[PDB]
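Next up is one chain by itself, shown in structure tokens, the form deposited in one PDB entry.
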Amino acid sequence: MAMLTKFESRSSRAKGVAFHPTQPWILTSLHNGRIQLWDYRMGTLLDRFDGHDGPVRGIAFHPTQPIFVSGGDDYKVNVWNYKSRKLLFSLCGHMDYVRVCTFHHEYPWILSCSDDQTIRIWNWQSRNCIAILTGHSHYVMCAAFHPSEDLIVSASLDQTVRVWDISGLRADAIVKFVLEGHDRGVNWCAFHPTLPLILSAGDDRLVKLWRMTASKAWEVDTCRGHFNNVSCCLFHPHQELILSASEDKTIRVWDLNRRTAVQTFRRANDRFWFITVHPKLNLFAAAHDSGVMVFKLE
């Protein structure tokens, strides 16, 4: 498998990247607190957004509205309009670093999670927190909405992945499954677009695959090969492949069915912090210690 890099920014450490679903843009959020908006077809910086002190780890566009959300070490979840370029409002509630923030695909909700050991769901019309999901015993490093069902999945340094039932919201927001398996903290978790599969990545240097049904969830298999903390992982949406990204300075591609290594891509000096896939193109982006890259595979 070959990597074809289409865009690269040279900057201080980047922590988050988000693809716009129809414009050729990415947002990048940096460890220095700044947010950039780049056109990856022209290769040019379009806008800068400054509304945080310290690192900004969470960043996401709304899937249809001209909004994006950012989440910071200053505990704020900020909502912005990219046409007016204004910071619209700041959602107050978290009491420690925000690790991830995303929009729901249908409801007017934002999800965020935090070192304060909570996941929060916010309604961006009323500007209120509508649920606080508690139960993790350490930082919650990641949370994601299920692509169709009223479920959330989260990953924590308490070494667990949890799946939450939020149908009551839509107790009420309650843990459905507590997935034990990682023997170290978990840094990331992700749902497959269509199948009942979860992927998680941890400080044990492993990527694990899990399967769920209505009544139960269990560990399927493990991708072994990273030699440092795995920061992020995702399902390739158009091939039976798993992608992972690690502080060992590699992006790895694995076979979804066999869990065997397919390809490794390596940078000489840069730890990887985050990877994402475009919602409608076969385009990927990674954030690392020296900026961001957008790339195709094969």
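Residues that one form lacks are left out of the comparison. From 1 onward, residues are counted along the sequence shown. If you superpose the two forms and keep the largest set of C-alpha atoms that fall within 1.5 Å, you have the rigid core.
Coordinates are lacking for 10 or more deposited residues between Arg170 and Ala171. For the pair 215 to 223 and 154 to 162, the record assigns the higher mean C-alpha temperature factor to 215 to 223. When the two stretches 80 to 88 and 96 to 104 are set side by side, the higher mean Cα temperature factor goes to 80 to 88.
As recorded in the PDB entry, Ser126 shows the highest C-alpha B-factor of the residues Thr134, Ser114, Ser126, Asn187.
When the C-alpha B-factors of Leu195, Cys142, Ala201, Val175 are read from the PDB record, the largest value belongs to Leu195. The entry lists a Cα temperature factor for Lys208 that places it in the middle third of the chain's modelled residues.
The PDB entry assigns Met3 a C-alpha temperature factor belonging to the highest third of its chain's modelled residues.
The PDB entry assigns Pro24 a C-alpha temperature factor belonging to the lowest third of its chain's modelled residues. When all modelled residues of the chain are sorted by CA temperature factor, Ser70 is found within the lowest third. Sort the chain's modelled residues by C-alpha temperature factor and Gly43 lands in the middle third, per the entry.
Separately, the form deposited with a partner chain bound exists; it is not shown, and the next lines address it.
Using a 4.5 angstroms limit between non-hydrogen atoms, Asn229 touches the partner chain in the entry with it bound.
Not displayed here, the partner chain is kept clear of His52 by more than 4.5 Å at the level of heavy atoms in the entry with it bound.
Although the partner is absent here, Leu209 lies well away from the partner chain in the entry with it bound, with no heavy atom inside 4.5 Å.
Although the partner is absent here, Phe177 lies well away from the partner chain in the entry with it bound, with no heavy atom inside 4.5 Å. When contacts are defined as a non-hydrogen atom within 4.5 Å, all of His31, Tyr139 and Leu157 contact the partner chain in the entry with it bound. None of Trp80, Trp124, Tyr97, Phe145 but one reaches within 4.5 angstroms of the partner chain in the entry with it bound through a heavy atom, and that residue is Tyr97.
Displacement of the C-alpha atoms by 2 Å or more across three or more consecutive residues between the shown form and the other one, following core superposition, is confined to the single run 168 to 170.
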